[PDB]
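Text of coords_11.txt (compact mmCIF, C-alpha atoms and all ligand atoms) as supplied:
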# COMPACT_ATOMS: atom_id res chain seq x y z
CA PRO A 4 -39.99 1.66 8.67
CA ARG A 5 -39.18 -1.37 6.49
CA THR A 6 -37.67 -4.74 7.39
CA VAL A 7 -34.90 -6.93 5.96
CA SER A 8 -37.61 -9.57 5.53
CA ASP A 9 -39.77 -6.96 3.78
CA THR A 10 -36.93 -5.86 1.48
CA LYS A 11 -36.14 -9.52 0.79
CA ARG A 12 -39.85 -10.06 0.08
CA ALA A 13 -39.61 -7.19 -2.41
CA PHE A 14 -36.73 -8.88 -4.26
CA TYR A 15 -38.45 -12.28 -4.11
CA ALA A 16 -41.50 -10.46 -5.51
CA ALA A 17 -40.16 -8.98 -8.75
CA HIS A 18 -37.52 -11.74 -8.94
CA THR A 19 -39.71 -14.82 -8.70
CA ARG A 20 -37.18 -16.79 -10.75
CA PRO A 21 -34.30 -18.75 -9.18
CA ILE A 22 -31.27 -16.70 -8.15
CA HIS A 23 -28.64 -19.03 -9.72
CA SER A 24 -26.42 -19.76 -6.74
CA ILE A 25 -22.79 -19.10 -7.39
CA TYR A 26 -22.97 -15.38 -6.61
CA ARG A 27 -25.93 -15.84 -4.24
CA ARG A 28 -24.07 -15.12 -0.99
CA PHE A 29 -23.04 -11.75 -2.43
CA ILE A 30 -26.58 -10.90 -3.58
CA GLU A 31 -27.95 -11.55 -0.08
CA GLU A 32 -25.14 -9.44 1.40
CA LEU A 33 -25.77 -6.67 -1.14
CA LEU A 34 -29.51 -6.85 -0.40
CA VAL A 35 -29.04 -6.50 3.36
CA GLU A 36 -26.13 -4.04 3.22
CA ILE A 37 -28.11 -1.62 1.04
CA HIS A 38 -31.17 -2.09 3.25
CA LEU A 39 -29.26 -1.37 6.47
CA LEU A 40 -27.85 1.66 4.63
CA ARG A 41 -30.97 3.48 3.46
CA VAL A 42 -32.93 2.74 6.65
CA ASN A 43 -30.26 4.66 8.57
CA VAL A 44 -31.03 8.25 9.52
CA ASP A 45 -27.87 9.83 8.07
CA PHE A 46 -27.91 8.12 4.66
CA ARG A 47 -27.79 10.35 1.57
CA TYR A 48 -28.13 9.16 -2.01
CA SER A 49 -25.17 10.30 -4.09
CA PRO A 50 -23.70 9.45 -7.51
CA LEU A 51 -20.67 8.15 -5.60
CA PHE A 52 -22.96 5.58 -3.99
CA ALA A 53 -24.44 4.86 -7.42
CA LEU A 54 -21.01 4.27 -8.96
CA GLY A 55 -20.06 1.94 -6.11
CA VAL A 56 -23.23 -0.14 -6.39
CA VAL A 57 -22.98 -0.57 -10.17
CA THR A 58 -19.24 -1.27 -9.91
CA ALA A 59 -19.77 -3.87 -7.18
CA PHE A 60 -22.58 -5.49 -9.15
CA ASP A 61 -20.84 -5.57 -12.55
CA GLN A 62 -17.56 -6.94 -11.18
CA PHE A 63 -19.11 -9.45 -8.75
CA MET A 64 -21.55 -10.73 -11.42
CA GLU A 65 -18.64 -11.82 -13.64
CA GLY A 66 -20.06 -14.35 -16.07
CA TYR A 67 -23.61 -14.52 -14.69
CA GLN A 68 -25.80 -16.98 -16.59
CA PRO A 69 -28.14 -16.51 -18.25
CA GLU A 70 -26.73 -13.13 -19.29
CA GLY A 71 -30.19 -11.69 -19.95
CA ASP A 72 -31.11 -11.91 -16.26
CA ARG A 73 -28.16 -9.99 -14.76
CA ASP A 74 -29.70 -6.68 -15.85
CA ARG A 75 -33.18 -7.80 -14.73
CA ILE A 76 -31.85 -8.66 -11.26
CA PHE A 77 -30.35 -5.17 -11.19
CA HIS A 78 -33.77 -3.84 -12.21
CA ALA A 79 -35.68 -5.75 -9.51
CA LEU A 80 -33.26 -5.23 -6.61
CA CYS A 81 -33.17 -1.44 -7.05
CA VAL A 82 -36.91 -0.92 -6.59
CA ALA A 83 -36.77 -3.56 -3.85
CA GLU A 84 -34.48 -1.13 -2.01
CA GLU A 85 -36.74 1.79 -3.02
CA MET A 86 -33.93 2.88 -5.34
CA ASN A 87 -34.18 3.72 -9.04
CA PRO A 88 -32.68 1.21 -11.51
CA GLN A 89 -32.27 3.86 -14.24
CA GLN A 90 -31.14 6.75 -12.03
CA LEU A 91 -28.37 4.54 -10.63
CA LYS A 92 -27.04 3.54 -14.07
CA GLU A 93 -27.19 7.18 -15.20
CA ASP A 94 -25.26 8.44 -12.17
CA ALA A 95 -22.67 5.66 -12.42
CA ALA A 96 -22.12 6.28 -16.14
CA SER A 97 -21.95 10.05 -15.54
CA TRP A 98 -18.41 9.71 -14.13
CA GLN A 99 -17.02 9.05 -17.63
CA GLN A 100 -16.35 12.78 -18.13
CA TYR A 101 -13.25 12.26 -15.93
CA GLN A 102 -11.71 9.60 -18.20
CA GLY A 103 -8.07 10.49 -18.75
CA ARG A 104 -7.99 13.36 -16.26
CA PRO A 105 -4.77 13.58 -14.24
CA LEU A 106 -4.96 13.17 -10.48
CA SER A 107 -3.39 16.62 -10.07
CA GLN A 108 -6.26 18.31 -11.92
CA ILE A 109 -8.81 16.28 -9.93
CA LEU A 110 -7.21 17.55 -6.72
CA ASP A 111 -7.29 21.06 -8.21
CA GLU A 112 -11.02 20.80 -8.90
CA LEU A 113 -11.65 19.71 -5.30
CA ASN A 114 -9.30 22.26 -3.70
CA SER A 115 -10.83 25.19 -5.63
CA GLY A 116 -14.03 24.88 -3.59
CA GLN A 117 -16.11 24.43 -6.77
CA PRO A 118 -15.88 20.78 -7.84
CA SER A 119 -18.12 19.77 -10.71
CA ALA A 120 -20.66 16.96 -10.60
CA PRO A 121 -20.53 14.07 -10.01
CA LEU A 122 -17.09 14.80 -8.51
CA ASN A 123 -18.81 17.14 -6.03
CA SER A 124 -20.42 14.05 -4.46
CA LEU A 125 -17.21 13.33 -2.52
CA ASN A 126 -18.28 15.92 0.08
CA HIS A 127 -22.05 15.26 0.26
CA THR A 128 -21.81 11.47 0.72
CA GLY A 129 -23.59 11.36 4.08
CA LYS A 130 -23.49 8.03 5.88
CA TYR A 131 -20.33 6.21 4.83
CA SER A 132 -20.51 2.72 3.35
CA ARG A 133 -18.17 0.16 1.84
CA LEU A 134 -19.95 0.90 -1.45
CA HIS A 135 -18.70 4.50 -1.22
CA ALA A 136 -15.12 3.20 -1.17
CA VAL A 137 -15.92 1.10 -4.24
CA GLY A 138 -17.27 4.17 -6.02
CA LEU A 139 -14.03 6.00 -5.26
CA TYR A 140 -12.19 2.91 -6.52
CA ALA A 141 -14.08 3.03 -9.82
CA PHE A 142 -13.51 6.79 -10.12
CA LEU A 143 -9.78 6.55 -9.40
CA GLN A 144 -9.66 3.67 -11.90
CA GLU A 145 -10.61 5.70 -15.00
CA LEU A 146 -8.17 8.51 -14.18
CA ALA A 147 -4.88 8.98 -16.01
CA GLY A 148 -1.67 7.37 -14.84
CA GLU A 149 -2.82 4.03 -13.38
CA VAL A 150 -3.66 5.64 -10.05
CA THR A 151 -5.18 2.39 -8.75
CA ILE A 152 -1.92 0.39 -8.70
CA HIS A 153 -0.45 2.11 -5.63
CA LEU A 154 -3.87 2.66 -4.11
CA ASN A 155 -2.74 3.53 -0.58
CA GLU A 156 -0.33 6.12 -1.98
CA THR A 157 -3.28 7.66 -3.83
CA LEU A 158 -5.73 7.51 -0.91
CA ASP A 159 -3.23 9.31 1.33
CA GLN A 160 -3.09 12.11 -1.25
CA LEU A 161 -6.89 12.40 -1.17
CA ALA A 162 -7.10 12.32 2.65
CA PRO A 163 -6.67 16.07 3.36
CA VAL A 164 -9.00 17.08 0.49
CA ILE A 165 -11.78 14.53 1.15
CA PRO A 166 -14.07 14.13 4.20
CA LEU A 167 -14.16 10.34 3.86
CA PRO A 168 -12.52 8.08 6.48
CA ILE A 169 -9.53 7.13 4.32
CA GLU A 170 -8.36 4.43 6.75
CA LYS A 171 -11.78 2.77 6.50
CA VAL A 172 -11.58 3.29 2.73
CA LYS A 173 -8.23 1.46 2.63
CA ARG A 174 -9.59 -1.46 4.65
CA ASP A 175 -12.90 -1.87 2.80
CA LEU A 176 -11.16 -1.70 -0.59
CA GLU A 177 -8.66 -4.40 0.43
CA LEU A 178 -11.64 -6.47 1.60
CA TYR A 179 -13.34 -5.67 -1.71
CA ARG A 180 -10.43 -6.79 -3.90
CA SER A 181 -9.97 -9.94 -1.81
CA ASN A 182 -13.63 -10.86 -2.31
CA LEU A 183 -13.50 -10.10 -6.04
CA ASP A 184 -10.52 -12.47 -6.29
CA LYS A 185 -12.56 -15.27 -4.70
CA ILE A 186 -15.50 -15.08 -7.12
CA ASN A 187 -13.36 -14.94 -10.26
CA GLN A 188 -11.42 -17.88 -8.83
CA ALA A 189 -14.79 -19.61 -8.32
CA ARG A 190 -16.11 -18.49 -11.72
CA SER A 191 -12.97 -19.90 -13.33
CA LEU A 192 -13.63 -23.09 -11.35
CA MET A 193 -17.08 -23.24 -12.97
CA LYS A 194 -15.54 -22.96 -16.44
CA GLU A 195 -13.06 -25.67 -15.43
CA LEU A 196 -15.90 -27.91 -14.21
CA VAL A 197 -18.66 -27.01 -16.70
CA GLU A 198 -16.50 -28.52 -19.45
CA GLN A 199 -16.13 -31.68 -17.37
CA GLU A 200 -19.94 -31.80 -17.44
CA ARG A 201 -20.21 -30.93 -21.14
CA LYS A 202 -17.20 -32.82 -22.55
CA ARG A 203 -17.76 -35.98 -20.48
CA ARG A 204 -21.52 -36.36 -21.00
CA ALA A 205 -20.87 -36.37 -24.77
CA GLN A 206 -17.56 -38.27 -24.55
HG HG B 301 -29.62 -2.50 -7.36

Take the structure in the file and give it back as C-alpha cells.
Amino acid sequence: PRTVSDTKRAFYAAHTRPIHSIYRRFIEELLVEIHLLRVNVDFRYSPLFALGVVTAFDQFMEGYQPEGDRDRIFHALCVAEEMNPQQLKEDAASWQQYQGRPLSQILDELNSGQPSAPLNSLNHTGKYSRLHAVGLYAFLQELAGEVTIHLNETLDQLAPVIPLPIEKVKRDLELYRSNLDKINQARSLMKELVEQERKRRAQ
C-alpha cells in the first residue's frame, strides 16, 4: 500500500522545481484524486480514464508558464501515480479515429455488442471517477453534430447503452465546466495583471 504523502513525495521527487502556483490547487487535487483512485480495489486502467486525465490536464493547464514544463509535470506526475506518461498520451490520442462520426453510428457500434477500441472502454471502466466523465466529455466533443452543446440530451441517449452512472456523469461534468471557467477567468486575470507589471515597470 502507498500513501498520499508517499505519492506526493514521488511528485516532489521528480518535480523538484517550483510548481508555479496559479493552477496549484488543481494539481494537488489531481494528485490526490488519482491516488485515491488507483489505490482502490475496483479501479481498472482504461483509455477512457486516459482521455479524461489528459483532457483535464490540457484544459486546466491553460497558459502554463514556462510552457516547456507543462509536459514535464505530466511526465513526473504519471510515474508518481505509478502510471505511464507515454501510455496515457497514446490512449488519449487513440480516440481520434472517431472524429466526425455521427452519434447514431456510435450508438450502433455499442449496441451491436462488438464496439471497437478505445470505444469498447465504456463498458470495462471499473471504478467510476470524475475523470471518466471528462473522458466521455472529450469523446463526445470530437463527434459530428456538436453533441456537447445539449450535453444532458446526449447523456440521456447514452444512458441505456452505457453502464456508467449518467446522473453522476451529468453532475461531475457540470462541476468540471464550472471549474474550467474559473481558471480561464483567473488566467485572463493574469494576462490583465501581468501587463500592469510589464507596462508599468517600464512606463
Ligand atoms: Hg499524469

Checklist entry - Using all atoms listed in the file, which residue out of A:172, A:120, A:136, A:30 lies closest to ligand HG 301 (chain B)? => result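 Looking only at the distances to ligand HG 301 (chain B), the closest residue turns out to be A:30.
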
Item to check | region 149-162 of chain A environment, 10 Å, all atoms listed in the file, sequence neighbours closer than 2 positions dropped, as an NGL selection string | outcome: :A and (103 or 105-107 or 109-110 or 113 or 139-147 or 164-170 or 172-174 or 176-177)

Any residue with an atom at most 7 Å from ligand HG 301 (chain B) counts, using all atoms listed in the file. Which are they? Put them as an mmCIF file with C-alpha atoms, in the frame of the given file.
data_model
loop_
_atom_site.group_PDB
_atom_site.id
_atom_site.type_symbol
_atom_site.label_atom_id
_atom_site.label_comp_id
_atom_site.auth_asym_id
_atom_site.auth_seq_id
_atom_site.Cartn_x
_atom_site.Cartn_y
_atom_site.Cartn_z
ATOM 1 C CA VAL A 56 -23.230 -0.140 -6.390
ATOM 2 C CA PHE A 77 -30.350 -5.170 -11.190
ATOM 3 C CA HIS A 78 -33.770 -3.840 -12.210
ATOM 4 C CA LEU A 80 -33.260 -5.230 -6.610
ATOM 5 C CA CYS A 81 -33.170 -1.440 -7.050
ATOM 6 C CA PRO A 88 -32.680 1.210 -11.510
#

Item to check | Who sits within 12 Å of residue 60 (chain A), all atoms listed in the file, same chain under 4 positions skipped, as a ChimeraX atom specification | outcome: /A:26-27,29-30,32-34,53-56,64-67,73-74,76-78,80-81,91-92,95,134,137-138,179,183

Checklist entry - CA of residue 71 (chain A) to CA of residue 83 (chain A): how many Å, to one decimal? => result 19.2 Å

Checklist outcome for this item: In terms of all atoms listed in the file, the residue from A:90, A:132, A:114, A:99 at minimal distance from residue 38 (chain A) is A:132

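Put simply, CA of residue 93 (chain A) is 23.3 Å away from CA of residue 10 (chain A).
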
Item to check | Interatomic distance, CA of residue 119 (chain A) to CA of residue 101 (chain A) (Å, one decimal) | outcome: 10.4 Å

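Ranking A:94, A:112, A:36, A:72 by their shortest atom-to-atom distance to residue 22 (chain A), with all atoms listed in the file included, puts A:72 first.
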
Next on the checklist: List the spatial neighbours of residue 190 (chain A) as a PyMOL selection string - criterion: any atom at most 12 Å away, all atoms listed in the file, same-chain residues fewer than 3 positions off excluded.
Outcome noted: chain A and resi 24-26+62-68+183-187+193-197

Checklist entry - Skipping near chain neighbours, those fewer than 3 positions away, what residues fall within 9 Å of residue 49 (chain A) using all atoms listed in the file, listed as number ranges by chain? => result A: 52-54, 94, 121, 124-125, 127-129

For N, CA, C and O atoms, please extract region 77-98 of chain A from the block and return it as a compact mmCIF listing (two decimals), in the first residue's frame.
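Written out: part33.txt:
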# COMPACT_ATOMS: atom_id res chain seq x y z
N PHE A 77 3.53 16.67 -16.50
CA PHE A 77 2.77 15.50 -16.92
C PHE A 77 3.63 14.24 -16.87
O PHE A 77 3.16 13.16 -16.50
N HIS A 78 4.92 14.36 -17.23
CA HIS A 78 5.81 13.21 -17.20
C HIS A 78 6.09 12.75 -15.78
O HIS A 78 6.11 11.54 -15.51
N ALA A 79 6.29 13.69 -14.85
CA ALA A 79 6.66 13.32 -13.49
C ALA A 79 5.46 12.79 -12.71
O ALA A 79 5.58 11.82 -11.95
N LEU A 80 4.29 13.43 -12.87
CA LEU A 80 3.13 13.05 -12.08
C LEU A 80 2.62 11.66 -12.43
O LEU A 80 2.10 10.95 -11.56
N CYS A 81 2.77 11.25 -13.70
CA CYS A 81 2.30 9.93 -14.12
C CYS A 81 3.03 8.82 -13.37
O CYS A 81 2.41 7.94 -12.76
N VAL A 82 4.37 8.83 -13.42
CA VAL A 82 5.13 7.81 -12.71
C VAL A 82 4.94 7.95 -11.21
O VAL A 82 4.99 6.96 -10.47
N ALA A 83 4.70 9.17 -10.73
CA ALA A 83 4.41 9.38 -9.32
C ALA A 83 3.14 8.63 -8.90
O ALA A 83 3.04 8.18 -7.76
N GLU A 84 2.18 8.49 -9.81
CA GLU A 84 0.98 7.70 -9.58
C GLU A 84 1.13 6.27 -10.08
O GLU A 84 0.13 5.57 -10.24
N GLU A 85 2.36 5.83 -10.35
CA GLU A 85 2.64 4.52 -10.95
C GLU A 85 1.91 4.33 -12.27
O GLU A 85 1.61 3.21 -12.67
N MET A 86 1.61 5.44 -12.95
CA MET A 86 1.05 5.39 -14.29
C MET A 86 2.18 5.47 -15.32
O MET A 86 3.37 5.49 -14.97
N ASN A 87 1.81 5.51 -16.59
CA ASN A 87 2.78 5.60 -17.68
C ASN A 87 2.54 6.90 -18.44
O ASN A 87 1.45 7.10 -19.00
N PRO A 88 3.52 7.81 -18.49
CA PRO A 88 3.29 9.09 -19.16
C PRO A 88 3.10 8.97 -20.67
O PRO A 88 2.43 9.82 -21.26
N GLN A 89 3.67 7.94 -21.29
CA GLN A 89 3.54 7.74 -22.73
C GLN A 89 2.32 6.90 -23.08
O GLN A 89 1.66 7.17 -24.09
N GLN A 90 2.01 5.89 -22.27
CA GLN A 90 0.82 5.07 -22.50
C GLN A 90 -0.46 5.89 -22.35
O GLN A 90 -1.45 5.62 -23.02
N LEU A 91 -0.44 6.90 -21.47
CA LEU A 91 -1.62 7.74 -21.29
C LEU A 91 -1.84 8.66 -22.49
O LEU A 91 -2.97 8.84 -22.94
N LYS A 92 -0.76 9.25 -23.02
CA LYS A 92 -0.90 10.12 -24.18
C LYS A 92 -1.24 9.32 -25.44
O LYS A 92 -1.91 9.85 -26.34
N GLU A 93 -0.79 8.07 -25.52
CA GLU A 93 -1.16 7.23 -26.66
C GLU A 93 -2.64 6.86 -26.60
O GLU A 93 -3.35 6.94 -27.61
N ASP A 94 -3.13 6.45 -25.43
CA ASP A 94 -4.53 6.07 -25.29
C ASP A 94 -5.46 7.26 -25.50
O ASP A 94 -6.52 7.12 -26.11
N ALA A 95 -5.07 8.44 -24.99
CA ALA A 95 -5.91 9.62 -25.16
C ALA A 95 -5.96 10.05 -26.62
O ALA A 95 -7.03 10.43 -27.12
N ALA A 96 -4.83 9.99 -27.33
CA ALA A 96 -4.80 10.36 -28.74
C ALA A 96 -5.41 9.29 -29.63
O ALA A 96 -5.69 9.56 -30.80
N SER A 97 -5.61 8.07 -29.11
CA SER A 97 -6.18 6.99 -29.91
C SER A 97 -7.65 7.21 -30.25
O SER A 97 -8.16 6.58 -31.18
N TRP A 98 -8.34 8.09 -29.51
CA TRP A 98 -9.75 8.35 -29.75
C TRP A 98 -10.00 9.13 -31.04
O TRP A 98 -11.16 9.27 -31.43
